[PDB]
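Asks: Sharing a structure here in structure tokens format.
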Amino acid sequence: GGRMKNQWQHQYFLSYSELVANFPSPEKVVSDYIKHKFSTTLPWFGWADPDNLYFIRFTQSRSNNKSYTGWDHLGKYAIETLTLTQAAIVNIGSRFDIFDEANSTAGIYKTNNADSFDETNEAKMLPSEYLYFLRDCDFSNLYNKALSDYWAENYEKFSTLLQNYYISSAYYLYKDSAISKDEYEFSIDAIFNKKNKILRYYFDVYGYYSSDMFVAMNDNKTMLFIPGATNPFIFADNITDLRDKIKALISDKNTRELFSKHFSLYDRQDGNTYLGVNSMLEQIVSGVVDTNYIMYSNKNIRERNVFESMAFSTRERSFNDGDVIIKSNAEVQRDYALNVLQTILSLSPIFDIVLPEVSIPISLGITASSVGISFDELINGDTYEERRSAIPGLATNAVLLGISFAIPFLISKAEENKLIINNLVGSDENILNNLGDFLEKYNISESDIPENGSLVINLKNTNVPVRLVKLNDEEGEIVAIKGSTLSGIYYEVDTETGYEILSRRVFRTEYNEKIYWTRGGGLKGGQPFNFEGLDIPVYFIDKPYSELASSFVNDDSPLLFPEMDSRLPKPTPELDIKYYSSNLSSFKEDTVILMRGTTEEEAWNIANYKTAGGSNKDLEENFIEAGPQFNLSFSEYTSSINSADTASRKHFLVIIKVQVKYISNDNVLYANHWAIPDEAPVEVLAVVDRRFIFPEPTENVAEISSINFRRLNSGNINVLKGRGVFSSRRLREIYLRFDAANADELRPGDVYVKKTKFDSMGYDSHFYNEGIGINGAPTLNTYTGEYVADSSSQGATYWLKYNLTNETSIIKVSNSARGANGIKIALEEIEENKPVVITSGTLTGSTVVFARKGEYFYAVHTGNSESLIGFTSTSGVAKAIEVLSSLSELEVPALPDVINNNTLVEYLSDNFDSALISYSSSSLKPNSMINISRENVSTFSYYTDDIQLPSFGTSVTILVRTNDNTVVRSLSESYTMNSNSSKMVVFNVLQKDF
Ligand SMILES: [Cl-]
């Protein structure tokens, strides 16, 4: 579009500018809020511009009967001048015990400098009115929501930018021989730690975890990543050498302050009991504190991509720091307010940028040192003294140097820069029209792009690795993508440079023994971090406002505010938790319910290992809390619904039950937060996916469930039609007693049989499978229809909300680990008003058989869960025939050498009245294909190679009693993913009566 050839560096600097320009300025946020409120106050104040009216305090007062306050003053005796907005930020109300007194020692005026302040230049507003008005505003929660929206809109931008800062900084420093080849390869190997050769830790001092640094370490090398430094990679032979280097660095007072900037403002101040980061650094330098308090906790980082970890911890720090900055800013440093921009601005490129009239960070007073960036020039340099002198309030409230000067200035310059760059390079270019040229350019062809897979190229321009894939949702359209910091997420890239285009996301799903690449979103159940099988009592996908019946925002939800969702347990009140922990001898074994916002991978580790920090390791020696301890790292949970809402937005919410003996707030300087050792055992009560992955454009449940039951009692199979799959791993006895059989290659001899009712108390070892998930699941179970589907059902949608009431009985019949299960039902034994529903679950290649012989109905499910190839089309058929012959009182008949699905059709036609077979055929597995047909056998292939998008099958039967006659109806169907919305829709059905 523009004159210049767009380049990777240019697009990087544009993203950097965008991150800084989008950042919420405290001054602007508060001013907009105050104008909004002023438009509806009483007295009405929509005339008052709070950035151009001045709260001025004086030490000399003189009575004036015509001025609005009743007093006039002389500028000579002005002690504090602020705009109304500044006066709101610095909590001016704290200067006055009775607000009504501020009317005599202060005034609101239309100008900030004048010989005499009086009725000639006053504003018609009392200082007391404004103080009362301020008391009714919570500015901390306002800036918290502003930061929440900022992160909702820029979290991926920040993550990708940070990753590219790391990669580009490493390459550039290696080409300048500032790091050896080994060091460059080490740094790159540490991003994903693919071969598991490296150990990655948060950088801590006395258990205080840095917000944006980390350590990568193996026997060969130790590395500290410290963003913003002139060389972000500090290498050492071992941890002792690294400690010595760090102590030497921070032995200079200024270097030490800059280093401490990598920790939250809370972690830097001393607590009631334990010292903070600043004291600990000072005393390490003086030598009173051993250097082994550097890297003392050794908290492991659990996310695959280290930049996910760094981004999440930077976001958390920004919430904490905004809190402090708005609430208490009296007698602080001038660069205080800049903490919330510390890390983002640390992503200035080390490779220097040249573009006409673009402001480079060092021309903005932002220098760099060996331990990170510095604002000393911007804040105190004589270059900017003129601009600062112009601004009111900076004289008496140091924090305003950041709030009124520095942040607005940097934001305006970043807006300038992004306009300049857009005018200089135009717009984007990706695989369009352009496939032929690109493919001839990299000596490739369509066949080279693996059908089911990807192809890695290196772009001739920047030598950026890129990945070609054929999109399954858009009929094979080829695209070029690159992996994000989030698992299963990719971004299309610029074909010339390789820079990621965060607008265009591609999702990598694994399902049906295939790899799908889709644009709209993934299949819940095929992502790398599948929750469905962790025995979590409550797991669901949170719906944003725009996906609900009721304001149409798509990056937030009312899951927790105003009314916490009824599905979720309510947390223990802070007062109860503090009472319990303070009387520890009495409530040591009692439990509280706590919340936390986490990444997908932290949530998965917590739900998997059932520990506070998702730690694999063991914990106790009759553990006893005692504050920080060498090599003991902590997770942090919360009791505030507001905090959990803000932290889990666009990520995951976790709710746990934990014993009081593991929790501690002794060294927590803010409210409603509790530390728990990472290895501490917990009970995971709930996990909510609040990522809001959706494309861009209760009486009801009881009544509906009753209607479903009334339809089922009538014999209308249509009540199970179109509503998705349903299963459940919950065991409840049902009234029906039936013959059950199991045939598994785990038991090569004999077919196990069971003729006792499935009792609630106990599973049956033969109708179980220790390999399904966290601790196995039942392959045959019975329950009642008050919960038709639970968290274990992959792809359930309708039966997660509605049901068929407690008067329906569900028989879930799955396949054995390497074999078949089966049930035989006496048809005369079903009773009116007690209908029976048989469900097969989510079909991914298994085979289901419904059949009738006399007054008996047989249902058999064969397959394997060990990902075996060839088993289900042959050996599974053998197990199914063994089960069918056992249940039908039959010695196995003649069977050929090649037993395949065709001989299943033949055997069912021979030894049964009528039958339905629902199976998964593929021309690449010839045994699975059915080329024969028999009248009394109906066939339904719920999967084929034709199906482009992810899919699954279902097969169900209803047994209903009416007029001393038992009606039996079976319905098989196959669902396929709707390309445009990533939701399952019915694709095929076959219905057969019995
Ligand atoms: Cl990639």
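Quick note on naming: the chains in the structure tokens go A, B, ... in the order shown, residues restart at 1 in each chain, and ligands are numbered from 1 in order of appearance.
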Neighbouring residues of ligand 1 are defined here as those with any atom at most 6 Å from a ligand atom, counting only C-alpha atoms and all ligand atoms; list them as a list in words.

Replies: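 Listed by chain and ascending number, the contacts are residues 466, 467, 482 and 483 of chain A.
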
Asks: Pull C-alpha atoms from the residues just selected and write them as a PDB file, in the first residue's frame.

Replies:
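Saved the output as selection_11.pdb:
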```pdb
ATOM      1  CA  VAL A 466       6.412 -21.523   8.521  1.00  0.00           C
ATOM      2  CA  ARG A 467       3.912 -24.372   8.353  1.00  0.00           C
ATOM      3  CA  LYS A 482       2.915 -20.475  12.654  1.00  0.00           C
ATOM      4  CA  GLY A 483       2.427 -21.831  16.149  1.00  0.00           C
TER       5      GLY A 483
END
```

Asks: Could you name the residues that touch residue 540 (chain A) at 10 Å or less, counting only C-alpha atoms, but leaving out those on the same chain fewer than 6 positions away, as a list in words?

Replies: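 Neighbouring residues, sequence-local ones excluded: residues 531, 532, 567, 686, 687, 688, 689, 690, 790, 791 and 800 of chain A.
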
Asks: For CA of residue 415 (chain A) and CA of residue 262 (chain A), quote the distance in Å rounded to one decimal.

Replies: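 Here the two named atoms are 26.1 Å from each other.
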
Asks: Would you mind telling me which residue in A:725, A:719, A:797, A:113 lies nearest to residue 541 (chain A) when using only C-alpha atoms?

Replies: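 Closest candidate: A:797.
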
Asks: Counting only C-alpha atoms, which residue out of A:440, A:759, A:625, A:138 sits closest to residue 781 (chain A)?

Replies: A:759

Asks: Could you pull out the alpha helix (DSSP H) residues of region 105-251 of chain A, going by DSSP on the backbone, and write them as an MDAnalysis selection string?

Replies: chainID A and resid 105 127:135 139:175 181:192 239:250

Asks: Contacts of region 911-926 of chain A at 7 Å or less, counting only C-alpha atoms, minus same-chain residues fewer than 5 places along, as a VMD selection string?

Replies: chain A and resid 845 to 853 936 to 945 972

Asks: For N, CA and C atoms, I'd like the residues from the last selection saved as a compact mmCIF listing (two decimals), in the first residue's frame.

Replies:
```
# COMPACT_ATOMS: atom_id res chain seq x y z
N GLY A 845 -15.28 -45.28 16.08
CA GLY A 845 -14.74 -46.41 15.35
C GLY A 845 -15.24 -47.74 15.86
N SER A 846 -15.89 -47.73 17.01
CA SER A 846 -16.45 -48.94 17.59
C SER A 846 -17.67 -49.39 16.78
N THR A 847 -18.20 -50.56 17.14
CA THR A 847 -19.34 -51.14 16.44
C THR A 847 -20.45 -51.45 17.42
N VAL A 848 -21.67 -51.07 17.06
CA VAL A 848 -22.85 -51.30 17.89
C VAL A 848 -23.83 -52.17 17.10
N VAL A 849 -24.47 -53.10 17.81
CA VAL A 849 -25.38 -54.06 17.21
C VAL A 849 -26.63 -54.11 18.08
N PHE A 850 -27.78 -53.84 17.47
CA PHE A 850 -29.07 -54.07 18.11
C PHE A 850 -29.74 -55.23 17.40
N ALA A 851 -30.37 -56.13 18.15
CA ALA A 851 -30.98 -57.28 17.50
C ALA A 851 -32.11 -57.82 18.36
N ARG A 852 -32.99 -58.59 17.72
CA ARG A 852 -34.11 -59.21 18.42
C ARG A 852 -34.14 -60.71 18.15
N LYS A 853 -34.36 -61.49 19.21
CA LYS A 853 -34.67 -62.92 19.08
C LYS A 853 -35.80 -63.23 20.04
N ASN A 936 -33.06 -59.09 6.71
CA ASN A 936 -33.27 -58.88 8.14
C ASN A 936 -32.11 -58.16 8.82
N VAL A 937 -31.11 -57.67 8.09
CA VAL A 937 -30.01 -56.90 8.67
C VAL A 937 -29.95 -55.55 7.97
N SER A 938 -30.00 -54.48 8.76
CA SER A 938 -29.79 -53.13 8.26
C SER A 938 -28.42 -52.64 8.69
N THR A 939 -27.77 -51.89 7.81
CA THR A 939 -26.42 -51.39 8.04
C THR A 939 -26.42 -49.87 8.03
N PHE A 940 -25.57 -49.29 8.87
CA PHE A 940 -25.42 -47.84 8.96
C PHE A 940 -23.96 -47.52 9.26
N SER A 941 -23.30 -46.86 8.32
CA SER A 941 -21.90 -46.45 8.49
C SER A 941 -21.90 -45.02 9.02
N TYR A 942 -21.63 -44.86 10.32
CA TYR A 942 -21.63 -43.54 10.93
C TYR A 942 -20.34 -42.77 10.68
N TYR A 943 -19.33 -43.41 10.10
CA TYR A 943 -18.12 -42.73 9.68
C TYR A 943 -17.69 -43.27 8.33
N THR A 944 -17.12 -42.39 7.51
CA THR A 944 -16.52 -42.77 6.25
C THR A 944 -15.34 -41.84 6.00
N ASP A 945 -14.54 -42.19 4.99
CA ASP A 945 -13.45 -41.31 4.59
C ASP A 945 -13.95 -40.07 3.87
N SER A 972 -29.89 -44.75 14.94
CA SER A 972 -28.49 -44.42 14.79
C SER A 972 -28.38 -43.13 13.99
```

Asks: Compile the contact shell of residue 464 (chain A) as a PyMOL selection string: residues with an atom at most 9 Å away, counting only C-alpha atoms, same-chain residues fewer than 4 positions apart removed.

Replies: chain A and resi 457-460+497-499

Asks: Go ahead and save the picked residues with N, CA, C and O atoms, as a PDB file, in the first residue's frame.

Replies:
```pdb
ATOM      1  N   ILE A 457       8.360 -25.072   5.937  1.00  0.00           N
ATOM      2  CA  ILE A 457       9.264 -24.386   5.026  1.00  0.00           C
ATOM      3  C   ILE A 457      10.013 -23.317   5.816  1.00  0.00           C
ATOM      4  O   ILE A 457       9.648 -22.973   6.941  1.00  0.00           O
ATOM      5  N   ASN A 458      11.061 -22.781   5.201  1.00  0.00           N
ATOM      6  CA  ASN A 458      11.752 -21.600   5.708  1.00  0.00           C
ATOM      7  C   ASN A 458      11.682 -20.514   4.646  1.00  0.00           C
ATOM      8  O   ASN A 458      12.110 -20.727   3.506  1.00  0.00           O
ATOM      9  N   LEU A 459      11.131 -19.363   5.016  1.00  0.00           N
ATOM     10  CA  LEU A 459      10.952 -18.277   4.062  1.00  0.00           C
ATOM     11  C   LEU A 459      12.307 -17.737   3.626  1.00  0.00           C
ATOM     12  O   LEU A 459      13.190 -17.497   4.454  1.00  0.00           O
ATOM     13  N   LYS A 460      12.471 -17.549   2.312  1.00  0.00           N
ATOM     14  CA  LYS A 460      13.755 -17.102   1.784  1.00  0.00           C
ATOM     15  C   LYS A 460      14.158 -15.747   2.352  1.00  0.00           C
ATOM     16  O   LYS A 460      15.353 -15.461   2.496  1.00  0.00           O
ATOM     17  N   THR A 497       7.361 -11.971   5.016  1.00  0.00           N
ATOM     18  CA  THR A 497       8.152 -11.794   6.230  1.00  0.00           C
ATOM     19  C   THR A 497       8.027 -12.937   7.225  1.00  0.00           C
ATOM     20  O   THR A 497       9.014 -13.290   7.874  1.00  0.00           O
ATOM     21  N   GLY A 498       6.844 -13.528   7.365  1.00  0.00           N
ATOM     22  CA  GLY A 498       6.613 -14.554   8.359  1.00  0.00           C
ATOM     23  C   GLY A 498       6.017 -14.056   9.655  1.00  0.00           C
ATOM     24  O   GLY A 498       5.940 -14.830  10.618  1.00  0.00           O
ATOM     25  N   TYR A 499       5.601 -12.796   9.713  1.00  0.00           N
ATOM     26  CA  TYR A 499       5.032 -12.223  10.924  1.00  0.00           C
ATOM     27  C   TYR A 499       3.604 -12.715  11.112  1.00  0.00           C
ATOM     28  O   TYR A 499       2.817 -12.753  10.162  1.00  0.00           O
TER      29      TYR A 499
END
```

Asks: Excluding residue 255 (chain A) and any residue of its chain fewer than 3 positions from it, enumerate the residues within 8 Å of it, using only C-alpha atoms, and give them as a ChimeraX atom specification.

Replies: /A:249-252,258-259,369-371

Asks: Check the DSSP output for the backbone and give back, as a PyMOL selection string, the residues of region 50-235 of chain A in strand (DSSP E).

Replies: chain A and resi 54-58+62-63+71-74+78-83+106-109+116-117+199-205+208-217+222-225+233-235

Asks: For the residues in that selection, give me C-alpha atoms as an mmCIF file, in the first residue's frame.

Replies:
```
data_model
loop_
_atom_site.group_PDB
_atom_site.id
_atom_site.type_symbol
_atom_site.label_atom_id
_atom_site.label_comp_id
_atom_site.auth_asym_id
_atom_site.auth_seq_id
_atom_site.Cartn_x
_atom_site.Cartn_y
_atom_site.Cartn_z
ATOM 1 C CA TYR A 54 -8.790 23.204 39.405
ATOM 2 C CA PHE A 55 -9.092 22.211 43.053
ATOM 3 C CA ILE A 56 -6.711 24.655 44.757
ATOM 4 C CA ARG A 57 -5.898 24.647 48.471
ATOM 5 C CA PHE A 58 -4.634 27.752 50.255
ATOM 6 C CA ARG A 62 -10.507 35.998 53.265
ATOM 7 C CA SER A 63 -14.272 36.321 53.564
ATOM 8 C CA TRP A 71 -14.127 32.919 50.611
ATOM 9 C CA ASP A 72 -11.531 34.227 48.180
ATOM 10 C CA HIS A 73 -7.785 33.669 48.225
ATOM 11 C CA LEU A 74 -4.516 34.915 46.748
ATOM 12 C CA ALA A 78 -1.501 28.401 47.113
ATOM 13 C CA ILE A 79 -0.163 25.156 48.563
ATOM 14 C CA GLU A 80 -1.618 22.535 46.222
ATOM 15 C CA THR A 81 -3.083 22.888 42.727
ATOM 16 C CA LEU A 82 -4.749 19.995 40.922
ATOM 17 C CA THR A 83 -7.191 19.424 38.137
ATOM 18 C CA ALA A 106 -9.858 25.633 49.169
ATOM 19 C CA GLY A 107 -11.822 26.334 46.015
ATOM 20 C CA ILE A 108 -12.655 25.156 42.514
ATOM 21 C CA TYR A 109 -11.539 27.620 39.846
ATOM 22 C CA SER A 116 -6.530 36.516 43.123
ATOM 23 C CA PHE A 117 -8.855 33.502 43.075
ATOM 24 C CA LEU A 199 14.627 -27.142 33.526
ATOM 25 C CA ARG A 200 12.592 -23.927 33.588
ATOM 26 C CA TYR A 201 11.849 -21.925 36.725
ATOM 27 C CA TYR A 202 10.358 -18.630 37.700
ATOM 28 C CA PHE A 203 13.046 -16.312 39.004
ATOM 29 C CA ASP A 204 12.350 -15.772 42.702
ATOM 30 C CA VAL A 205 14.024 -13.945 45.566
ATOM 31 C CA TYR A 208 8.870 -13.612 45.508
ATOM 32 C CA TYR A 209 8.404 -14.552 41.850
ATOM 33 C CA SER A 210 9.456 -12.048 39.212
ATOM 34 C CA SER A 211 6.654 -10.992 36.898
ATOM 35 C CA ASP A 212 8.578 -11.231 33.604
ATOM 36 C CA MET A 213 11.937 -13.013 34.103
ATOM 37 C CA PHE A 214 12.780 -16.696 34.093
ATOM 38 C CA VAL A 215 15.608 -19.208 34.439
ATOM 39 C CA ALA A 216 16.507 -22.002 32.013
ATOM 40 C CA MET A 217 19.001 -24.465 33.430
ATOM 41 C CA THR A 222 22.341 -21.720 33.365
ATOM 42 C CA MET A 223 20.508 -18.768 31.804
ATOM 43 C CA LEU A 224 18.533 -15.826 33.184
ATOM 44 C CA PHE A 225 16.088 -14.140 30.810
ATOM 45 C CA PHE A 233 20.400 -13.352 28.313
ATOM 46 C CA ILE A 234 22.684 -13.627 31.347
ATOM 47 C CA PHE A 235 24.589 -16.914 31.145
#
```

Asks: So which residues touch residue 85 (chain A) within 6 Å, counting only C-alpha atoms, skipping near sequence neighbours fewer than 5 positions away, as an NGL selection string?

Replies: :A and (31 or 50-51)

Asks: So that I can see what lies close to residue 33 (chain A), please list as a PDB file with C-alpha atoms, in the first residue's frame the residues with an atom at most 12 Å from it, counting only C-alpha atoms and leaving out residues fewer than 2 positions away in the same chain.

Replies:
```pdb
ATOM      1  CA  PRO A  26      -5.294   6.248  34.607  1.00  0.00           C
ATOM      2  CA  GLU A  27      -5.920   9.957  33.988  1.00  0.00           C
ATOM      3  CA  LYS A  28      -8.069   9.402  30.891  1.00  0.00           C
ATOM      4  CA  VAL A  29      -9.991   6.518  32.492  1.00  0.00           C
ATOM      5  CA  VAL A  30     -10.833   8.557  35.601  1.00  0.00           C
ATOM      6  CA  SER A  31     -11.690  11.706  33.621  1.00  0.00           C
ATOM      7  CA  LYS A  35     -17.684  13.181  33.123  1.00  0.00           C
ATOM      8  CA  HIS A  36     -20.094  10.256  32.813  1.00  0.00           C
ATOM      9  CA  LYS A  37     -21.124  10.589  36.465  1.00  0.00           C
ATOM     10  CA  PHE A  38     -21.373  14.391  36.218  1.00  0.00           C
ATOM     11  CA  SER A  39     -23.939  14.051  33.440  1.00  0.00           C
ATOM     12  CA  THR A  40     -26.440  12.469  35.894  1.00  0.00           C
ATOM     13  CA  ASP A  49     -14.812  19.625  32.670  1.00  0.00           C
ATOM     14  CA  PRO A  50     -12.682  17.911  35.358  1.00  0.00           C
ATOM     15  CA  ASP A  51      -9.455  18.249  33.353  1.00  0.00           C
ATOM     16  CA  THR A  85      -9.164  14.501  37.810  1.00  0.00           C
ATOM     17  CA  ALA A  88      -9.502  12.373  42.335  1.00  0.00           C
ATOM     18  CA  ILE A  89      -6.455  10.201  41.635  1.00  0.00           C
ATOM     19  CA  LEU A 134     -15.388  11.316  45.241  1.00  0.00           C
ATOM     20  CA  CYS A 137     -16.482   6.514  43.431  1.00  0.00           C
ATOM     21  CA  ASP A 138     -14.357   3.352  43.490  1.00  0.00           C
ATOM     22  CA  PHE A 139     -11.553   4.262  41.085  1.00  0.00           C
ATOM     23  CA  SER A 140      -9.501   1.153  41.874  1.00  0.00           C
ATOM     24  CA  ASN A 141     -12.256  -1.143  40.590  1.00  0.00           C
ATOM     25  CA  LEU A 142     -12.660   1.133  37.557  1.00  0.00           C
ATOM     26  CA  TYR A 143      -8.992   0.850  36.593  1.00  0.00           C
ATOM     27  CA  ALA A 146     -10.026  -1.081  32.309  1.00  0.00           C
TER      28      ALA A 146
END
```

Asks: Taking into account only C-alpha atoms, which residue in the set A:622, A:313, A:633, A:159 is nearest to residue 296 (chain A)?

Replies: A:633

Asks: Any chance you could tabulate, as a Markdown table, the residues of region 557-651 of chain A at most 12 Å from region 271-294 of chain A with each one's nearest atom pair and distance in Å to one decimal, using only C-alpha atoms, in chain and rising number order?

Replies:
```
| residue | atom | partner | partner_atom | distance |
| --- | --- | --- | --- | --- |
| A:626 | CA | A:274 | CA | 11.5 |
| A:627 | CA | A:274 | CA | 8.5 |
| A:628 | CA | A:274 | CA | 8.9 |
| A:629 | CA | A:293 | CA | 10.2 |
| A:630 | CA | A:293 | CA | 8.4 |
| A:631 | CA | A:293 | CA | 10.2 |
```

Asks: Keeping only N, CA, C and O atoms, take the residues you just selected and write them out as a short mmCIF file (atom, residue, chain, number, x, y, z; two decimals), in the first residue's frame.

Replies:
```
data_model
loop_
_atom_site.label_atom_id
_atom_site.label_comp_id
_atom_site.auth_asym_id
_atom_site.auth_seq_id
_atom_site.Cartn_x
_atom_site.Cartn_y
_atom_site.Cartn_z
N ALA A 626 5.03 -22.89 58.01
CA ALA A 626 6.10 -22.20 58.71
C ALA A 626 6.69 -21.06 57.88
O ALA A 626 7.87 -20.71 58.04
N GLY A 627 5.89 -20.47 57.00
CA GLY A 627 6.36 -19.40 56.15
C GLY A 627 7.18 -19.93 54.98
O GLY A 627 7.10 -21.10 54.62
N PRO A 628 7.98 -19.05 54.37
CA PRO A 628 8.85 -19.51 53.28
C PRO A 628 9.81 -20.59 53.75
O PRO A 628 10.24 -20.62 54.91
N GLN A 629 10.15 -21.49 52.83
CA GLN A 629 11.05 -22.60 53.10
C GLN A 629 11.86 -22.87 51.84
O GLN A 629 11.36 -22.70 50.73
N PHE A 630 13.11 -23.27 52.03
CA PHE A 630 13.97 -23.56 50.90
C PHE A 630 13.32 -24.60 49.99
O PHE A 630 12.93 -25.68 50.44
N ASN A 631 13.20 -24.26 48.71
CA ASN A 631 12.73 -25.16 47.67
C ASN A 631 11.24 -25.43 47.76
O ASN A 631 10.76 -26.43 47.21
#
```
